[PDB]
Every structure is written in structure tokens, then in C-alpha cells.
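In the block that follows, a single chain appears as C-alpha cells, in the form deposited in one PDB entry.
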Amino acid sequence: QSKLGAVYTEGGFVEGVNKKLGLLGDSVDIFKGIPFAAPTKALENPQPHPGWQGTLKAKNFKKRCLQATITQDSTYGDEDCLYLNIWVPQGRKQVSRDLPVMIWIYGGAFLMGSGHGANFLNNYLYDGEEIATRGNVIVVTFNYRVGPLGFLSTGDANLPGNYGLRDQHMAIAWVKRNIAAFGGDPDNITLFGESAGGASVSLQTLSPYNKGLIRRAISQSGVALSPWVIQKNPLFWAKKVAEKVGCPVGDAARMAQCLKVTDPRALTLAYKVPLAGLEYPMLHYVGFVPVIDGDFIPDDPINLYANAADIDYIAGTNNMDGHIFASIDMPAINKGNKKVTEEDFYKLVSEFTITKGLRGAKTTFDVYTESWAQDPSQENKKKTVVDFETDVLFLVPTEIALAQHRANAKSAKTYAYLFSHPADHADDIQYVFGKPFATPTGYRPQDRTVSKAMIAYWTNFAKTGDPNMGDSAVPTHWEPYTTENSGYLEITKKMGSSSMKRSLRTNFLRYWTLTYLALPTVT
């Protein structure tokens, strides 16, 4: 009477595990490996999963979708991968009902990842237990297809792409139809995700496929407007794969059907992004990502924000999000005894501004190195390289998305954040998921303070659309974003009234959205 037991879903009964928590009667019901769609076919849209007889034992994580290992030498996962996982918190007197529902979408550059995440200190990163029990919400995680098997496309109807986005949508629709049986409120679904997952969250809110399914959304370090998200030239990348696996490249239809019957492991390993050295910035080699298909993504995402008019929305970034691509594009920023020079940075800037030619390279170099005259230290120069990559890859897209969502808002609220700290220790995911509480030996008291506050804001928002209002106290009043106030919450170790800030790097946002765009395109 205080836990779920066998749950009747549309496919049949499902049995999970009840984990007792604390000493006074709380617990958590955990379901792992519930199928939400059929075994996948290579480069075909997902399909309903047939029902089952008896009681499905949802006791273990299932296989991730077929993908390259990080050494890009081999593969793991399986074509039968579309499974989801659920954490339902339980109090000590009665079974939970009408709980808010948060669906996590993992990142991994659309190339790798799974619903459980990396394992460290005997804990999966996306283990939803700490969010669910501390915020009194239901947490869902799930697998979607990645890499060529998730995103290969010819840019036309022969191979329209976006298979992995359709997988995500199928998981969302399943939760909407079924989660009330677990104690969830299906009218109150919040998506959240990071990096490619944050851009996926954003894409899901913009797609007409999700009309009436999504109540709220959180984009962490990634939005549909980031430059690494939409592949403008998919036929080029599909031809690359066709040549390495021996398919003809003359006719799009013939090539498409050849790829569909190619060993999916050969498809997955067809292309390896070089590690070093590269002729172009890292951004150039993001290949198999979403496309504008005129269907799931009917138009350029910038034109789609009417679809999110009643979806409350949080979006934010990490202060040094770009350090990942910056280290690859300029390895000197990590080597303490190697210099970054004006010539190195010009070269990097010029590669990002090719469409505006020499003038575009100069105006950008000039604005980012303005501070170098008074502070020529390597510390200031290397920080500048990171800030540049953060701005173009994360911050500027995110600010444009916030502005677009606010301008199209009807009932929707809009919120902005900057996460500042001090895998790497600076990253948001581990604090959002409560890792400092689940594996506390690896973390210090200040880490639990930050994670406690992030889970409070996130789960208050899931409950009410107001990060300040819900089951948890918060340290700083988080003011909704408007064009006039342009406010963001700076999330740090010690928060108070001055944590609510405004006008994040506005001179740089204005440069990219006004000055740079006013330059003539060269050819």
C-alpha cells in the first residue's frame, strides 16, 4: 500500500524493485529496461513495441544503441536498444500520485551515450534516485539512436534523417500515455538534457510532433540554435560513408537503399573524427547530427518558436563550456610552458568567420583581443580562447534562444542561468543529478551545497514552472527572464541576493548579433 508492485502499462504488467531509504518508511521504486518501441531497423523510423504476456521484470539496464567505442576502433550496443528507466519516489504512508515527471535526454555530440551514463565510484551518472527522492518527482531516462545509425541523411525523402530525434519523441509519447499508472501527472512533463541532449530538448519543444505532450523544458549547455546542431550538407557526409563501405554515390536513391542494407557496424565505424592534427576547427567535423527535413524539423529552428509558446523554459550554460573544443583547436591552453600567440588566435578566428572574409576575421580578432594590450599574460590570452569558443558554440546561441522563446511566449515563463564552478569537476551534470550525495566520498561539503540548490530549482520548476516555488527552499530568488531585464541566475557555491545578475557579456552578444551580421558576405 506504500509501494507500487506490478504496474499495468499498455504493453502489459511491469515489475521493478522497491529500495527502502532512510529509517522511517520512505523508499523508491526503480524500473529499468521497459521497451517503448520495437527493435530498430537500420535508418528506418521507430515502430510500436508489441505487448507481452505475464509480468515483465524491469530489473536491469538494457543495451545502448549501436555506437563507436571512444577509441573509435569497435562498436557496442545493439539494434534492440529503445528502452527507458523510471524512478518513482515513495513516502511512508501512501503510494505517490500526480507527481511531476522529468525526462532526461543525454548528450554525447549525437554520436555516443546511453540512459545510464558513465559509471564512477559505483554509481551511474544518470541514476535518477537522488533527484526523484529529494525533489519528489518522477525521473525517466532512455536510449535513442546515435551516430550514422541515428542521423545519416541524404537531405531528401530517400533518407530523411532524424531517426534519433524520432526515438526521443517516441519515449516522450510513451511517458504521456503510461506514466499515470506509475503515479505521474502526464499533463506535467518536463524535459531536461545537456549538451546534445540540451539541444535535443530544444528541438523537441520546437517540433510540431510534440504538440500537447510537453509542459516544460530545461536546456543545459545546448540549444537548437547552436552551430553544431543542424547539418546543412548531409548528402556530403552520406557520400563519405557510402564510399568507405562500398556503396555507389551517383544516384541518391540507389545509394540510400545500399546504405540501408549495409552492416550497421560498418556504417557506424565508416568515419572517425581525427584527434590531431586537424585542418579545420573541431566544429567542422560534427557530421551526423539533426537536419532540417521539412517533417520532424519543418523549418530552420529559429522560425519554430511559436511551437514553444506554452512551454516554460530554462536555458543556461557553463562559464567555461567551450574549453572542450578549445583544447583540441589550440592545445597550448593546457600546456603550461607553451604560448598562445596573436597569430595562433587569428588563424582560429579566421576559420570561424570565413563567410565574412578578411574583414570578419579582423573585427572578431580585434574585439576579443582588446584586453590583450593592458593584460598580455598567457593567462588572459588562454582564457580568451576559451571565452571565444564558449561564446560561439554555447553562450550566443543560448541567449538568442532565450530571446526568441520570450518573444513568442504566451503563457510560458523563461529563465536563464550561468553555472560557475570551481569528466571534469566544472560540469553541471553531476550536481543536477545529486552525485555529491550519492557518492559523497568523492565530493566536499561545498559540492553538496551547490547540488542541493540545483535540485531544488530544477524540481520546483518541474512542479510549478517557478523555480522559486515548490517543495524546496532556494537560496536566491530566480527572476524570470525578459528582454528588458535580461536577467540570469549565477549558480555558485555561495548564493544570495547578488547572485541574480543581468546582461551576460552583452558587448559580445551585440557584436555577434548586430555588428558581425551587418558585414557583407564574401564568396
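In case it trips you up, residue 1 is the first one in the sequence shown, and so on. We call the rigid core whatever largest set of C-alpha positions still superposes within 1.5 Å between the two forms.
Omitted from view is the form deposited in another entry, to which the following refers.
Engineer: Can you tell which residue in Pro440, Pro274, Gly357, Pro248 has its CA shifted by 2 Å or more between this form and the one not shown when the core is superposed?
Structural biologist: With the rigid core fitted, the residue that moves is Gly357.
Engineer: Comparing between this form and the one not shown on the rigid core, is the C-alpha shift at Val367 2 Å or larger?
Structural biologist: Comparing the forms between this form and the one not shown, which are aligned on their rigid core, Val367 does shift its C-alpha by 2 Å or more.
Engineer: By the 2 angstroms cut-off, has the C-alpha of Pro227 moved between this form and the one not shown once the rigid core is superposed?
Structural biologist: No.
Engineer: After superposing the rigid core, is the C-alpha displacement of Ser377 2 Å or more between this form and the one not shown?
Structural biologist: True for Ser377: a C-alpha shift of 2 Å or more.
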